[PDB]
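Chemist: Chains as they are written, first to last, in the authors' numbering: chain A, 2 to 309; chain B, 2 to 25, 37 to 220; chain C, 331 to 545; chain D, 221 to 440; chain E, 111 to 330. Positions of the beta carbon are idealized from the N, C-alpha and C atoms, including for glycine.
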Amino acid sequence: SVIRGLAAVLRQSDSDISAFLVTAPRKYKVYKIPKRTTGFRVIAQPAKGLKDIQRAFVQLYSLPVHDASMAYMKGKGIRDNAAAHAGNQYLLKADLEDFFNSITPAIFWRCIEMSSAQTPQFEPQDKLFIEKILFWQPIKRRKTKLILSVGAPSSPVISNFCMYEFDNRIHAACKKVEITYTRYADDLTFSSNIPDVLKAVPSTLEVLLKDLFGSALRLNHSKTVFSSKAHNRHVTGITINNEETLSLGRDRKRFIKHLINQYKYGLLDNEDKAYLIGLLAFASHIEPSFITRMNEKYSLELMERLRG
Amino acid sequence: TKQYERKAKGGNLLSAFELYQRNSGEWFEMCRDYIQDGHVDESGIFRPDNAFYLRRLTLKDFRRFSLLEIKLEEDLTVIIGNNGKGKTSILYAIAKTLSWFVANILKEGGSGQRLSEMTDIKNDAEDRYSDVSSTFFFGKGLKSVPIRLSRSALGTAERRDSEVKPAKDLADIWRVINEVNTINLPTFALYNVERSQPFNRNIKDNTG
Amino acid sequence: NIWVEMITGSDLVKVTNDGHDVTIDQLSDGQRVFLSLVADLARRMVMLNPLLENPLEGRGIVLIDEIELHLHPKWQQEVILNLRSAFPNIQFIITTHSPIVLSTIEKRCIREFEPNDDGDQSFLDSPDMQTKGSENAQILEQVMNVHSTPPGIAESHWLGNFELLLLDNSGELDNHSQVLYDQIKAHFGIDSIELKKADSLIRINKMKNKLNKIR
Amino acid sequence: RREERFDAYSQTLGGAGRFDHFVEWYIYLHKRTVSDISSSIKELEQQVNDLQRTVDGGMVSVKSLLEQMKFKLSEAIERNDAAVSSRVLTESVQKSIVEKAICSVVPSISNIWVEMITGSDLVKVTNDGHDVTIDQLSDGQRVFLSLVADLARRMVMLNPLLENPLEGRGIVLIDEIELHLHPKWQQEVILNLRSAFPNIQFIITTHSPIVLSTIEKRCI
Amino acid sequence: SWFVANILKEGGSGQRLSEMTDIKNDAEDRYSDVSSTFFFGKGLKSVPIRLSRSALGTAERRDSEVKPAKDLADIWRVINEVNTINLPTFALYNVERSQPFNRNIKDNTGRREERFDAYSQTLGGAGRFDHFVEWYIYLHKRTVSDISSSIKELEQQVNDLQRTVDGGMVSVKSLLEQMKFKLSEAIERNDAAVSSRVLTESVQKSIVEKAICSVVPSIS
RNA sequence: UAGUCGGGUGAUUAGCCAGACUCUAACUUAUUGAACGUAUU
Ligand SMILES: Nc1ncnc2c1ncn2[C@@H]1O[C@H](COP(=O)(O)OP(=O)(O)O)[C@@H](O)[C@H]1O
Ligand SMILES: [Mg+2]
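(1) Can you give me the start and stop residues for the alpha helix (DSSP H) that D:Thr274 sits inside?
(2) For my contact list, C:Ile354 and C:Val345 are in at a C-beta cut-off of 8 Å; report their separation, rounded to the angstrom.
(3) Going by C-alpha to C-alpha distance, which of D:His250, D:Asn269 and D:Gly349 sits closest to E:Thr274?
(4) According to DSSP, is A:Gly6 helix, strand or coil?
(5) Excluding the 5 residues preceding and the 5 following A:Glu245 in the sequence, name in chain order all residues of the same chain whose CB lies nearer than 8 Å to its CB.
(6) Going by C-alpha to C-alpha distance, which of E:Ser230, E:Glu244, E:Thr199 and E:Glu224 sits closest to E:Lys216?
(7) Taking buried to mean at least 16 other C-beta atoms within 10 Å of its own C-beta, is C:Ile424 buried or exposed?
(8) What's the C-alpha gap between A:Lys30 and A:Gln46?
(9) Taking DSSP as the reference, what is the three-state secondary structure of D:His350?
(10) In this structure, does DSSP put A:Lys33 in helix, strand or coil?
(11) Residues in the segment 242-259 of chain A with C-beta within 8 Å of chain B's C-beta atoms, listed in sequence order?
(12) Is it buried or exposed, B:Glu81, if we count other Cβ atoms within 10 angstroms and call 16 or more buried?
(13) Which residues mark the beginning and the end of the beta strand (DSSP E) in which D:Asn331 is found?
(14) List the residues of chain B whose Cβ lies closer than 7 Å to the Cβ of A:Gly238, in chain order.
(15) Buried or exposed: where does A:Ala107 fall if 16 or more other Cβ atoms within 10 Å of its Cβ makes it buried?
(16) Does any heavy atom of ligand 1 sit closer than 6 Å to the C-beta of D:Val352?
(17) Check the Cβ-Cβ distances between A:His222 and every residue of chain B, and say whether any is below 7 Å.
(18) Between the segment 401-413 of chain C and the segment 443-450 of chain C, can you find at least three pairs of beta-carbon atoms closer than 8 Å?
(19) At 9 Å on the CB atoms, spell out the chain C contacts of D:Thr434, in chain order.
(20) Taking its Cβ as the centre, do 16 or more other Cβ atoms sit within 10 Å of B:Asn218, making it buried, or is it exposed?
(21) Whole angstroms is fine: what's the gap from D:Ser312's alpha carbon to C:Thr479's?
(22) Give me the residue from A:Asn243, A:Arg306, A:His235 and A:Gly238 with the minimum Cα distance to A:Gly267.
(23) Measuring CA to CA, which of A:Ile292, A:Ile148 and A:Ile79 is closest to A:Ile239?
(24) If you reduce the DSSP assignment to three classes, tell me which class E:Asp217 lands in.
(25) Any C-beta of chain B sitting closer than 7 Å to the C-beta of A:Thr39?
(26) Rank A:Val151, A:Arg142 and A:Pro125 by C-alpha distance to the C-alpha of A:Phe136 and give the top, closest one.
(27) Can you confirm whether E:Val268, when its beta carbon is compared against all beta carbons of chain D, has any partner nearer than 7 Å?
(28) Which residues of the segment 137-169 of chain B have a Cβ closer than 9 Å to any Cβ of chain D? Give them in chain order.
(29) Based on the DSSP secondary-structure assignment, which residues constitute the bridge partners of C:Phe422?
(30) Could you confirm whether any beta carbon from chain C is found closer than 7 Å to the beta carbon of B:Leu69?
(31) Would C:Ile397 and C:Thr434 be called neighbours here (beta carbons separated by less than 7 Å)?
(32) What are the boundary residues of the beta strand (DSSP E) that E:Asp301 is part of?
(33) Give a yes or no on whether the C-beta atoms belonging to C:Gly390 and B:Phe200 are separated by under 7 Å.
(34) Just checking: is the beta-carbon of D:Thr274 within a distance shorter than 7 Å of some beta-carbon in chain E?
(35) If the criterion is Cβ atoms closer than 7 Å, does the pair C:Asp395 and B:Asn204 meet it?
(36) Assign C:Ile332 to one of two classes, buried (16 or more other C-beta atoms within 10 Å of its C-beta) or exposed (fewer than that).
Now the structure itself:
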């Protein structure tokens, strides 16, 4: 049935879809992307044919996603995530270990079975094809190790779905004690105006993770961080200032000013110019007031010329 | 790369070093000045511009501890308690972490020490592994150097990996910069109760 | 002072210890062990900091377990101060059982286990009392959770018992209170703080009783 | 060699004790408590009798084995007799005495026993409410355990005729009694030692005012 | 040493160069290399190996390159495991070989009879003449004895013991099981000896005797 | 005091100035994929 649906969407024969899916878990290109400091991240991207199938699958089957999930959501993002916490003085951040690569077919099917919201029902015969669509086989020799890859177009949707019940429970629990909760992929954020309530959250998280996923998904305890208005606070790369407003942060703002000054004297190369323009668009989205101030500091004429 | 150039010019040590390694002047001098620059205070004591110290330690299922977090002072931290509260365990955990810096200052890809699979895992821990997590600070250009030492109990089929690459990355900077132009190097030492020994002038080490 | 002699035909390190020239082998265990710590550390710092005017101002992390090991109380009052002055940029992480050592350290530097922990405590904290400059007996009780007088010794309770007897007999020395007084005098001595306290109790209680009778 | 009575004088004045010898001796005692020699003698007697019947039945090939088993039996009886002849405390009682001494004197230790784990014999302790191996104990706990264990072993070996062998005579020298001890333990250590070993002359050195608060000035 | 280690054990390690003594004191590059090329027939004309060591604190580490030696040694080891082959001899005889003879010779535990004892201390510098003497005496004892007579004798003893257990003496069952195990071990050793395609002890002895008398002029 | 937030100035990622904050307590991250912003259409 999944096959028939996909074939219809992709205007292909049932036979050619089925044939393609036989070795779909191995149809990934693996490459490295540089980290910002030192080192590399390893990425696995599906082949084009498989990407098309994955996109079709996601289109055909709507899986539930909690409102606290901020990542990969239409009409939401990092600004909304940060804004949810901007009014609260105390902040907690937690992170999940090897989030995408921890999600296996077993976890996926368990989540389908457990799901409190309405899930699509799949015929047992379709389950094998679904696994081949959604999960990557990193080790050629080991046919039994299938995992989600961050590089696959379906992986955002599946990962958000797998966290649906988790998000339901923890959101409800937090609301009772006046804690704001959001999740951006593997990044969990908690905030509150009440002192000494966020201390209990990490223990609560560990229990819930064990309950729902056993030992498959775990907290990265090294990445659990408490903060307050005494210290720097950021959420998904957005600074929350002490006036409870979203900010790019002083250092980034000063860097942008530096680049504008360089441009003013014709010292910016084309690459740096392009970089500056891109970054100003982001600045306009996060902190529009900053753009106004730059217009005042640098002459509207200069800035308009730059943004042409 | 242009991204590394921007970070390096912003004062990031690791980016400056990466640029030095790929183009092998400017970047070398940035790295060397980061390590060597400092001033003499009012009391006549030299103070490095970029301090090096252990910020935070976390112990998970390690010996008596199920999960424990400790924030350390930059200058002096004193741990107190009754016998068997885990004071010596804490210093042991730190010493093993520091062994990764020492090994990599001595040799590229040197191996530091490991947690014991026989003794260091908490006896009644349901997960059968231990983690020792540390963050070090090295000035505002390298605010966080995270290390994790891990070990699974003897017998257990799943084996938990250590994460030591940040230690190696920093120790590489010290080692490589020193080889080109001499710099001052950090001292790491443990003095446990084993320091009380009988003396022997007659026994001499003919080893190095 | 410390120096090398070779004139006997074997290389000997000598020290001036308490005004007497001795070999390292002649030092007490306490002196030797402490000398060893400092000598070793100083050697390493000199070798690793060739470009500093004062190589002992180099960077590093030093861990010391049981800093008071083999030290008399007199030395315990100096050891942390001396180390910090000689090695001003080292991060020291130390363990101790000594209230005398704690009397020389700020409360912010101290990390203390909760008294009935059992290894599930999540974060360590500093004591509530300021330790630096405080009396050792206060540190014993307020930080180390130990009585300043040994509770397992009967004589430690005699003054308390004496006071209770005095209060039972409207402040007058009865036969029983006199016996205990004599025991306190005999045990602690005529010039003891304990006897002075007993004397004080007698004086105050007699005067209180006289006031009560006037009323 | 650890079962020989005069092993109690081995390296007695060397300064460290021999805690290794204690562990060996204690495991030995445990094995003998789980299996007494008399049943082994009875079993050996039965085996010798069975082998003698086979030799009497015409199987001359097993005569060499019979002679070996008779030798083993004679040796077992002799050991039993020597043990009997030495008027020595039973191995069970010896074990119990030492265990009680350790538990009474060492505050953190409530129990000590020998486990067969996997292949080999291991001494375990209940320390601060938790079961641990000796190599898991803190240095303070281990050092003090070692002192008491060693002393109790030697006293048991040297005083076989006393109801309580720890009430024997002797002279014990201890340098820095407070070594590795928290103040709380320093307040109990002299009382515990004198209670466990009432007839020993103790000559000790200390730096601790807390220890001194428990001792009469005449002893100082 | 790298060939010997890998013939004995998969992933065996040979000896490494010393940072202290093997590196030239005034080496500009601050590392040392020992490079060797071996030949093994026209099929493997070049087997390169390099032992390397760098000074402490150098910017780059110099590692050894030993994989070709290990690969070749692995072929010898694996093929030999399936079907016995002849193996290469490696030996060093330094001036240390001049040393006096211990007249007292050790009791045969039976390490000397094992084939890969031939690689024991082979590159140490002195040989092991003591091992020769032990091995040679062992060979003599086996030549004068019959082999399988112990098995036949053990077979007879197990048969006699089986008859006793069948006759109602259940107490000797433990002894029967022990003897059956000994018999099985003896057969297995015999079979392993049979399986290992080793020369008879008599022949081995003769070969060595001839060699010694041929090479050493004064010895007839 | 320290650390943090950041309005301004400053051929400007620095420095300097002004104002503020303080649950024991941020460490700025990752693409070609996904989503968001801008451009192109
Ligand atoms: N693997 C383990 N599991 C459980 N408890 C352990 C383990 N290892 C050690 N312990 C316990 O931890 C304590 C060790 O104390 P230690 O670290 O030496 O502390 P201290 O120096 O304060 O005496 C003892 O209470 C010992 O029984
Ligand atoms: Mg992009």
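Modeler: Taking the structure as given:
(1) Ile257 to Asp276
(2) 7 Å
(3) D:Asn269
(4) helix
(5) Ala87 and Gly88
(6) E:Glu244
(7) buried
(8) 5 Å
(9) strand
(10) strand
(11) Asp252 and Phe256
(12) buried
(13) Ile329 to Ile337
(14) In chain order: nothing, as chain B lies at least about 15 Å away.
(15) exposed
(16) yes
(17) yes
(18) no
(19) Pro480, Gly482 and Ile483
(20) exposed
(21) 41 Å
(22) A:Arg306
(23) A:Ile79
(24) coil
(25) yes
(26) A:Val151
(27) no
(28) none
(29) B:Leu88 and C:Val392
(30) no
(31) no
(32) It is not in any beta strand (DSSP E) - E:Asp301 instead sits in the alpha helix (DSSP H) that spans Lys283 to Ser305.
(33) yes
(34) yes
(35) yes
(36) exposed
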